[PDB]
Amino acid sequence: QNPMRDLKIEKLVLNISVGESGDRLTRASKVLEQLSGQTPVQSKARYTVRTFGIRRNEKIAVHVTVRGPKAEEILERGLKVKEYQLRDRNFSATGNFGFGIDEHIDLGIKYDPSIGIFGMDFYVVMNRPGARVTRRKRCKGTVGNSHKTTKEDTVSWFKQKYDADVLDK
Amino acid sequence: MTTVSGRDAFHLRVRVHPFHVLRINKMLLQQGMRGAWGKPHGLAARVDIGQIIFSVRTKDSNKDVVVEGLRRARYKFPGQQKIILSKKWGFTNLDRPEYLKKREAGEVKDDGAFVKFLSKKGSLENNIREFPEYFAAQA
Amino acid sequence: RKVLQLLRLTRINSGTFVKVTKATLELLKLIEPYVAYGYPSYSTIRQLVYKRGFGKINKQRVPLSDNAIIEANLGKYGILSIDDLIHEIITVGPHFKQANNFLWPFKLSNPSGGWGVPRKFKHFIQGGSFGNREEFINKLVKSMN
Amino acid sequence: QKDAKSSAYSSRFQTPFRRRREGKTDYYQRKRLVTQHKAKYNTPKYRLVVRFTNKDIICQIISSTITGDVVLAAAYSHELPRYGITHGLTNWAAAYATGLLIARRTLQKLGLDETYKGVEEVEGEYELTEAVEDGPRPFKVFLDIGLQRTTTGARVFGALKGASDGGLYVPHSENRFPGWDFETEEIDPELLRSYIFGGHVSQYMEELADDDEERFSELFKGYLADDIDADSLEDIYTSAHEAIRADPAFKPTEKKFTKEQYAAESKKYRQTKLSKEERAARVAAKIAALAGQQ
Amino acid sequence: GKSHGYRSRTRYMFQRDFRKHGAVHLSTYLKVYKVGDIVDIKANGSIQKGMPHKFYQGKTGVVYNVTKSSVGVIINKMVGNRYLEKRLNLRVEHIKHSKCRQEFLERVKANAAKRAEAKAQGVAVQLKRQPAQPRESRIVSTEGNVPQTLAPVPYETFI
RNA sequence: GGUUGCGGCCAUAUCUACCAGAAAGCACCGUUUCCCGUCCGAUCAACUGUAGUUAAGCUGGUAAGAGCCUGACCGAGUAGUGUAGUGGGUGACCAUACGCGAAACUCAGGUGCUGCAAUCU
RNA sequence: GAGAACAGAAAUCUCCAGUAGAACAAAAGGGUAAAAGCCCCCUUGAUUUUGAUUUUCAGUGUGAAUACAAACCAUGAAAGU
RNA sequence: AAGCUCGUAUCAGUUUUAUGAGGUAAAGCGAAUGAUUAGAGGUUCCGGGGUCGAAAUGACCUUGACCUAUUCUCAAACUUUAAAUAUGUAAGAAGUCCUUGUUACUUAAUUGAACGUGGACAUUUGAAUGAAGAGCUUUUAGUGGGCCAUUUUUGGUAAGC
């Protein structure tokens, strides 16, 4: 029925798709460091694309992954910025959901003009207890059909705490 | 076919496709039989004994007109081709008695020009949705 | 060609006895276009052995003209008369190998009265000579003997 | 999920071996532990299988046969109450004890137990059990870690240490025992001994005791109940070795009910399936149900 | 020009069996081989070392050597009008005990035994195989099996 | 009979969906002093067996279920083929004689078996 | 496939399905899924001696290759390689 | 050509029995790859052109693309299946069984591995058929343009090519 299997954040992934290498990317990364309190990880370009100005294996973007109580606090901050309203897109078929903010100063965070202003993606993935089953080395398995996150279930979860609005369809 | 019985009184099917490529060597002094492998010249269908070339479906009314299409048609092909009329309902299969027993039973669903046959094999659920007529009170 | 030789048939109209089993039956199959064969009667065997029985004795081919000759080579297996020989042939039986081998290949003439068909090299079933003509081998061999 | 598998996909699909499907056996490793030199004929390669469940430590000396693997002897941390240990039954110290037990146990049954003492001393210094002269070579065994990660300080090499100190020849190296310094490229045997007798659990017990009566009380509910004070962990383990060396022989559980009695209940909670006829009836029924459009 | 590399012509020969690609099961590594054993060679193209050249695919020889990872095999190969003796170093993945030497040894035992019970009864034996024999007379009955008579059938088109 | 560890063969064992599971086991599951590894104790390491749960895993059942397996005078003695003729036929090609013999098709049945060691109302 | 500010067909971030439909310098074929592919850690077995063996064959040479013996090393907890 | 060593033997352009290997013929294509005719249904909530309020970030369109279940037809360099003919090995005295000797190899181990002593078992001693004797050595001639027929088969319109 419902005892164990509650439903929760697996992780929060803050992503700043910077777009270039050098000072600006090192500057953005500092935003994620000074926010996640972790040290962030940098992504390289999969391939060259002239009209975006990036070369393959050039570091274009930074992200950082957060878990447990701290990720839940940063999530809240974001929601605040969008005045507790997301859209019925936003939520994946497989139970996760996300949103983005422009200017990160909109959630705590002073200004330090040597840092500047960055917008950012927010992706939060939902699971239940027992995900370990699909993540562990020995006897890796798949989570049962009942169990396992869905757009319906997690939209309703999210409305129900957060006291929030989904929107549109 | 069309002028005697109408743009519409039959369905003619060319049952043979010209997949085999013919070559010409092709001589333009002259080179010789040196390196004589040909270039592609044309296509052909490799046809067998008793292998069907054309098929036509019409209404029983049109038998004679139909045969004359296929009789007029022979004069365009090398070899000996016979015109056989078949026990078999149209292009399906099943001799008309066995096709009929079926259609008067609900086992046959019209698809795109051809047709779909009720099986006793898949899921009970969706064979019932596929062939409602087959299991229904009905008359 | 090999089979013909292993069966001691290396000359036209020469003939021998074969014990039928699977290991020999597949030999007769391989050879069928080149031979005529069948089921010999006592009569036929009696007369083949009386008229044209010769034995093998230090290679040499020796006419069986006294029972002493048979006993001297086949005595060791029972078989001390020409009729002892015929019996080990017709009943097959335990020394058939050795008895039969002692008998040289029979040298028949062409059939007196003919082959009875316009063409020998088709099967007996197809109008004649070659293959197993069964009982009808006696009539053919009798005219060849 | 509309990610449906075409009947063609399934039809050409080649399944992994069963134990591969079920995530238990690494076959690349198995080929290399098991396969014997061809000119040593039927000389068994013997593995020291060590596994951990969430509550038990399994220790097995196993060898191979086309018709299946064959165990020479086995020992389980669950046995350890017999010899004085009643808690931390999957901790490093138990891994060590279990490796000791299996060692003394098999080479008891091998005759080899008196010749090849082991260490007896124990300061956890790096040493293999080396062969007597003019006598039997020691019984040799190769660690099978299964799917466990080779981390420097892993429980699994605790079982290796107990079993090596037990007198088995189990080839190995220091660099995964706790106490190996990657900068130093040395092994501080002080640290390793500490683990053998549970030092890391013991020090924690004290720190927690002094800094959190409450959390100390849950994590060590047991020790509290048994009046086991912390700085007597070493005795427990030290005395446990004594016991184990004193008497490695296997005594099997005392066993209420017989294999038969077990059978007649123990999965006559087993669903029994239908005969091709009952199935038909179900078929014919389901239609009569389903027939008639909607 | 022409091309005759070492693995020339081997596309279907060294291929793995349908739905049988991948790891080779351990049985293969657990067979024991002795000098004088009779093995059949058959390449496993997933193991490129210790591999028989393709002439030896499908051929059976005798083990003449045993090594860490391979057996040496003696094959008699015909070159010209004469067999030459060839020795091969095949890894074990490519070799398999000849199953007919097994029936044979089994029968040799069976034979020794048949001989034993025969002597310890003091009777004749008969130990060699006879081929399939002609077939003895029978009487077939007609009780429930009155012969059904058949005739040839008229031509007919089914198209 | 269940369950676990190590297996043999490697779908009758896989796939999809829905049920059900006593006891023990197994599991999920609590913790972060310690050895150890992470962007992240999620995985990996360690610690308790203590606070909890059969939800999942896992085991078994259901299904005119997809697949896989097996059988059959199901198709078919068909297709193809070794051998024979101064056989037919302008030829394409075909028939007969002595033999060997498929695949698809159809229908029926089936859906892991098992070795070692341990443990269990 | 379903999801996430600027973000677009195409940038980065989750999750699901996924028998190989990818990758493995190169032609093609074979082979491979806790790998033979991808990321990382340590390395010089691409070394030393001299025989046997497989292909091509005359059972000469050459190229290539296989399994041992005797050294000295690499790696790994180890079996091993 | 010269012989030599022996003498029923192990032989063999053959069968049988047993046990292997093979991917051609055929077959297949609502099975993988590749090709190919036709509709049918459903998708696009993420390619597009309209008409409906220019309206459209909204409907019903026809048109692609794609998906599902069907449908007609194919492969020397495609295939799950898979022949016939050809093809490897075996059918014992150099064998079998019992006892227990040697070693520096090998094993936890007189444990294995090899090779042996001593003891036992010869009527069919281990299928068939044949054997015109089997085995072996040296030396040397000519030849090193080939062509034809059935069947398989490649190039070519074909050819007494």
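Broken down by element type, chain D carries twelve helices and six strands. Across its three principal directions, the C-alpha atoms of chain D cover 85 × 65 × 50 Å. Taking contacts inside chain D between residues at least 6 apart in sequence as the whole, the part at least 24 apart equals 62%. Accessible surface, chain D as shown: approximately 18700 Å² in total, 49% of it carbon and sulfur. Between the centroid of the 44 positive side chains of chain D and the centroid of its 46 negative side chains there is a distance of 20 Å.

Around RNA strand F sit 112 residues in total, of which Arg67(A), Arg132(A), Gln271(D), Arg282(D) and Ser27(E) are the nearest. Take the atoms of RNA strand F that sit within 4 Å of the protein: sugar and phosphate atoms are 71% of them. The separation between a sugar or linking oxygen of RNA strand F and a polar side-chain atom of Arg47(D) is 3.2 Å. At 3.2 Å, a backbone N or O of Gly153(D) approaches a base oxygen of RNA strand F. Per-element accounting of the surface near RNA strand F gives the leading share, six residues, to helix α12 (residues 276-290) of chain D. Its residues assigned to classes, the surface near RNA strand F shows 35 nonpolar, 37 polar and 40 charged.

The next subject is the arrangement of the chains. By contact count, the dominant pairing among the five pairs of chains in contact is that of chains D and E. Here chain B and chain C are not in contact; the least distance found between their C-alpha atoms is 28 Å. Contact between chain C and chain D is absent, and the least distance between their C-alpha atoms amounts to 39 Å.

Attention now moves to the pairing of strand β1 (residues 47-52) of chain D. Regular strands place their side chains on alternate faces of the sheet. Residue and element names in this part refer to chain D. Across the six residues of β1, five count as buried, placing the element largely inside the fold. Across six bridges, β1 lies against strand β2 (residues 57-63) in antiparallel orientation. What sits directly across from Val 50, in β2, is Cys 59. Across three bridges, β1 lies against strand β4 (residues 142-144) in parallel orientation. Paired with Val 49 across the strands is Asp 144, a residue of β4.

The next point concerns the nonpolar core. Residues and elements named next belong to chain D. Grouped together as the largest cluster of nonpolar side chains are 56 residues, with contacts concentrated most on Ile 61 and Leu 168. Contributions of two or more residues to this core are made by β1, β2, β3 (70-76), α4 (92-109), α5 (156-165), α6 (189-196), α7 (199-211) and α10 (233-246). No other element matches the eleven residues that α4 contributes to this core. Ignoring anything within four residues of it in the chain, the contact list for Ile 61 reads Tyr 46, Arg 47, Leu 48, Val 70, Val 71, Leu 72, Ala 73, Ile 102, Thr 106, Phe 139, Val 141 and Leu 168.

Taken together, the contact between chain D and chain B spans seven residues of the former and seven residues of the latter. Between chain D and chain B, a total of about 580 Å² is buried, with carbon and sulfur atoms accounting for 78% of that surface. It is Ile287(D), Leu290(D) and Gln293(D) in chain D that bury the most area against chain B; as a group they hold 63% of the surface buried on that side. Applying the counting criterion to the chain D and chain B interface returns zero salt bridges. Between chain D and chain B we count zero residue pairs in polar contact in total. Residue classes in the side of chain D that touches chain B are distributed as four nonpolar, two polar and one charged.

Once that is clear, we can look at a negative patch on the surface. Residues and elements named next belong to chain D. Taken together, the side chains of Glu 206, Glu 207, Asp 210, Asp 211, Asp 212, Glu 213, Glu 214, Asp 226, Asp 227, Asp 229, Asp 231 and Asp 235 make up a negatively charged region of the molecular surface. Those elements that place two or more of their residues in the negative patch are α7 and α8 (213-219). Looking at the negative patch, the element that brings in the most residues is α7, giving four residues.

Now for the protein's contact with RNA strand H. Of all residues adjacent to RNA strand H, which total 72 residues, the nearest are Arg23(B), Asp111(B), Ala23(C), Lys128(E) and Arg129(E). Within 4 Å of the protein, the contacting atoms of RNA strand H are drawn from sugar and phosphate to the extent of 76%. In the environment of RNA strand H, a phosphate oxygen lies 2.6 Å from a nitrogen or oxygen atom belonging to the side chain of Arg15(B). Contact between RNA strand H and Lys56(C): a phosphate oxygen at 3.4 Å from a side-chain N or O atom of the residue. Mapped onto the surface near RNA strand H, the elements with two or more residues apiece are β2 (20-24) and β6 (115-117) of chain B, α1 (2-6), α2 (22-31) and α6 (96-102) of chain C, α1 (7-12) of chain D together with α2 (99-119) of chain E. Broken down by element, the residue count for the surface near RNA strand H peaks at twelve residues, all from α2(E). Tallied by class, the residues present in the surface near RNA strand H amount to 29 nonpolar, 15 polar and 28 charged.

Right, let's talk about the sheet that holds β1(D) for a bit. Residue and element names in this part refer to chain D. Pairing is mixed in the open sheet, where four strands are placed in the order β3-β2-β1-β4. Two strands close off the open sheet at either side, each with one partner strand: β3 and β4. Strand after strand, the sheet turns through a mean of 25° between neighbouring axes, direction not considered. Packed on one face of the sheet, α4 meets β1, β2 and β3 and runs near 140° to β3.

It is worth spelling out the interface of chain D and chain E at this point. Counting from both sides, the interface comprises 18 residues of chain D and, opposite them, 19 residues of chain E. Carbon and sulfur atoms make up 66% of the area that chain D and chain E hide from each other, which totals about 1600 Å². By the criterion of area lost to chain E, the three top residues of chain D are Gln14(D), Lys38(D) and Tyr41(D), representing 40% of everything that side buries. Summed over the shared surface of chain D and chain E, the result is zero salt bridges. Taken together, the residues of the side of chain D that touches chain E sort by class into six nonpolar, eight polar and four charged.

Let us look at the sheet that holds strand β2 (residues 60-66) of chain E. Residue and element names in this part refer to chain E. With antiparallel pairing, five strands are arranged side by side in an open sheet as β4-β3-β2-β1-β5. Each edge of the open sheet is held by one strand with a lone partner, namely β4 (83-91) and β5 (95-97). Within this sheet the neighbouring strands show an average axis-to-axis angle of 45°, counted without direction. Sheet analysis places strand β3 (residues 70-78) next to β4, joined by nine bridges and oriented antiparallel. In the sheet register, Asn 76 faces β4, and the bridge partner there is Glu 85.

Counted under the stated rule, the structure contains 35 salt bridges over all chains. With a shortest N-O distance of 2.8 Å, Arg27(A) and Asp23(A) are connected by a salt bridge. Residue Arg27(A) and its partner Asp23(A) are both found in helix α1 (residues 23-36); the two are separated by four residues, about one turn of the helix. In this structure, the salt-bridge partner of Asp165(D) is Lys161(D), at a minimum N-O distance of 3.5 Å. Highlighted residues: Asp165(D) and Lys161(D), both in helix α5, separated by four residues, approximately one helical turn. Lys161(D) shares its class with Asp165(D); the two are buried. Salt bridges sharing common partners tie together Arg30(D), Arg47(D), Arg51(D), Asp69(D) and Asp144(D).

Residues and elements named next belong to chain A. Structurally, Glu 58 is set in the loop between β2 (41-44) and β3 (59-66). The side chain of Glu 58 sits in the buried core without any salt bridge; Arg 55 is the nearest counter-charge, 4.8 Å away. When near neighbours in sequence (up to four residues on either side) are disregarded, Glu 58 contacts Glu 20, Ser 21, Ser 43, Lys 44, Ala 45 and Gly 53.

Before going further, it helps to examine empty space enclosed by the protein. Where empty space is left in the structure can be found by rolling a water-sized probe over the atoms. Residues and elements named next belong to chain D. Volume-wise, the largest cavity comes out at about 50 Å³. Lining the largest cavity are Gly 84, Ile 85, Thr 86, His 87, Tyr 223, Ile 228, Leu 233, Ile 236 and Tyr 237. With three residues, the single largest contributor to the lining of the largest cavity is α10. Of the residues belonging to the lining of the largest cavity, the class tally is six nonpolar, three polar and no charged.

Cut-offs used in this document
- Residues numbered from 1 in each chain as written, not as in the entry; some residues may be left out.
- Chains lettered and ligands numbered in written order.
- Part of a larger assembly, values for the part shown.
- Heavy atoms only, no water.
- Residues with missing side-chain atoms left out of burial classes, pairs and counts.
- Helix = DSSP H or I, 4+ residues; strand = E, 2+ residues; numbered from the N terminus.
- Contact = heavy atoms within 4.5 Å.
- Areas by Shrake-Rupley, 256 points an atom, 1.4 Å probe, with all protein chains shown as cover.
- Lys, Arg positive; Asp, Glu negative; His and termini not counted.
- Charge placed at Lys NZ, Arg CZ, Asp CG, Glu CD.
- Near = heavy atom within 4 Å.
- Polar contact = N/O pair within 3.5 Å; in protein donor to acceptor, adjacent residues only side chain to side chain.
- Nonpolar A, V, L, I, M, F, W, Y, C, P; charged D, E, K, R; others polar.
- Buried < 20%, exposed > 50% of the residue type's maximum accessible area, 1.4 Å probe, protein only.
- Pairing = 2+ DSSP bridges.
- Core = buried A, V, L, I, M, F, W, Y, C linked by side-chain atoms within 4.5 Å.
- Buried area = accessible area lost by both parts, 1.4 Å probe.
- Salt bridge = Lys/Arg side-chain N within 4 Å of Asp/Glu carboxyl O.
- Patch = residues over 30% accessible without salt bridge, like charges linked within 9 Å, V, L, I, M, F, W, Y side chains within 5 Å.
- Axes fitted to C-alpha atoms, helices over the stretch in contact; angles between N-to-C directions.
- 1 Å grid on protein atoms, 1.4 Å probe; cavity = no way out; pocket = protein on both sides within 12 Å on 5 of 7 lines; lining within 4 Å.
- Points joined across faces, edges and corners; volume = space filled by probe spheres on them.

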